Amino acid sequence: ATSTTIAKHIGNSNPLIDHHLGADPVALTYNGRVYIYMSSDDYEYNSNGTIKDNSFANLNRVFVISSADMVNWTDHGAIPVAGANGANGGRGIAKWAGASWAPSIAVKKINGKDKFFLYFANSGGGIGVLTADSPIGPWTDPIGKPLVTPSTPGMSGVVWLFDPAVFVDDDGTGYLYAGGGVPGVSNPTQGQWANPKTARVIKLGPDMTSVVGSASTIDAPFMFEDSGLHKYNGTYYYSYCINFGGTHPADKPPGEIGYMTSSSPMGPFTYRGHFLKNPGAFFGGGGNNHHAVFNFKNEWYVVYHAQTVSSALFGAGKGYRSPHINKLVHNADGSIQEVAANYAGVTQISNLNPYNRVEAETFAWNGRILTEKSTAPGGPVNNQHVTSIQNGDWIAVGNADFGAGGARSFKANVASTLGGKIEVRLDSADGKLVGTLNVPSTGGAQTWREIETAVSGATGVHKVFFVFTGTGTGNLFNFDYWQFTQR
């Protein structure tokens, strides 16, 4: 049914979202929210409409979601990064780039103001950067040529010049890690598998949109891709995905996330071991492994991908990937424990306040809707709405705190051709009905009205379900934001 959750099931926190896909995740922690930026995985089909394996043909945008609590995620839509080959309908930002794989994100205070930098790979040929004054844009290409190419000093022996990771150190110096691939083309020797020497680190200029000096090689044993950097107790941890070829020793298992430490961001690094098995080990099958380690609201986590949504829909992952987050633990000696990747994920860290404007596209669970960029007046940058709403569809938030006094009323911004209803229920999709909002015909799908209705019996902490009903097909209404009022 639908009606039913695809993969992220009520009470579980992984995958983070399941109303569309998101590969190669990276995290930015910024002023009480974590933002996750992702390659734009999107199904490819044979001409007869049957699913086929991901060939990365759709990897020309960056999807962005954010959360204050690890359970409810705001969908910020897509950044149209790639602008070459007519990509993104002429509205792509980096006109030189045909692709925008594997984003990295950084924030640095420049001239007294926080500036944001989004890095990406134009497939395996070069890394670019876009800039913005907020974590969600709007975005500018201040170069627009690649930032790093094989002609950048120190980058010549890189096989795949991709998968950037950008770190801003405590002294404000930025560093870019990148590269991967295995030399030897169709058939690497054992020694080429064991020491590809294709990983690189280069210092960035103060502006974060230039490099200084030359790149240094990081000799990551069995390097493949997926550079990562985090800093824990004054030590720099370079992490990466271990390759799949050649014989491997016990301590460098194929397709797992390995890590190295150094007292300096540019090395020398020493291999320490491995902390994330292949997603296939946990969720069945196998595929590429991509990750980022981050500290959010004082806890260490890893964001990574797995084929958990595509598998649920098609009965095979086919290379189509979804974001997951689990806790990461450093030991007293500075080594990292194996991450227990799972569906349960991270328990909600803070309650949601239902008395502020909350985007309709801020939800923890759904069955089964879509989000798209919204014609509603006002709203946040790249404001989205919930759409593809049919009778019996629903969305839900985790742990909204109505307080002891509870809610007086409920408001929703909606656009509808024929009208419908939003039932507000506590705890479950068939739970206590605290109100029902009648969505009128507004004049059309792009004509917006804020509607208010009474609620009663909404006190304390509950999951909240918004259950959609109406007659006729197809889309009952679009749904932009909501807000409760306090008793």
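Position 1 is the first residue in the sequence shown; the rest follow in order. Under this definition, the rigid core comprises the largest set of C-alpha atoms superposing within 1.5 Å between the forms.
Trainee: Which segment is farther from the shown form on average in 4 other deposited structures of this protein after a rigid core fit, 322 to 330 or 284 to 292, going by CA atoms?
Mentor: Higher average C-alpha offset in 4 other deposited structures of this protein goes to 284 to 292.
Trainee: Name the stretch, 66 to 74 or 41 to 49, whose C-alpha atoms sit farther from the shown form on average in 4 other deposited structures of this protein, taking the rigid core as the superposition reference.
Mentor: Between 66 to 74 and 41 to 49, the one lying farther away in 4 other deposited structures of this protein is 41 to 49.
Trainee: Which has higher Cα B-factors on average according to the PDB entry: 260 to 268 or 219 to 227?
Mentor: According to the PDB entry, the answer is 260 to 268.
Trainee: Which of the two stretches, 452 to 460 or 39 to 47, shows the higher mean Cα temperature factor in the record?
Mentor: The entry gives the higher C-alpha B-factor average to 452 to 460.
Trainee: For the listed residues 10, 476, 21, 16, which one has the largest C-alpha B-factor as given in the deposited model?
Mentor: Top of the list by C-alpha B-factor: 476.
Trainee: Would you mind finding, among 406, 128, 181, 249, the residue with the largest C-alpha temperature factor in the entry?
Mentor: Top of the list by C-alpha B-factor: 406.
Trainee: Check where residue 317 lands among this chain's C-alpha B-factors and tell me if it's the lowest, middle or highest third.
Mentor: Lowest third, going by the recorded CA B-factors of the chain.
Trainee: Report the third (lowest, middle or highest) to which the CA temperature factor of residue 391 belongs, ranking only the modelled residues of the same chain.
Mentor: It belongs to the highest third of the chain when residues are ordered by C-alpha B-factor.
Trainee: Select lowest, middle or highest to describe the third in which the CA B-factor of residue 88 falls within its chain in this entry.
Mentor: For residue 88, the deposited C-alpha B-factor lands in the highest third.
Trainee: Would you check the entry's CA temperature factor for residue 212 and let me know if it's in the chain's lowest, middle or highest third?
Mentor: Highest third.
Trainee: Quick one: classify residue 31 as lowest, middle or highest third of the chain based on its Cα B-factor.
Mentor: It falls in the top third of the chain.
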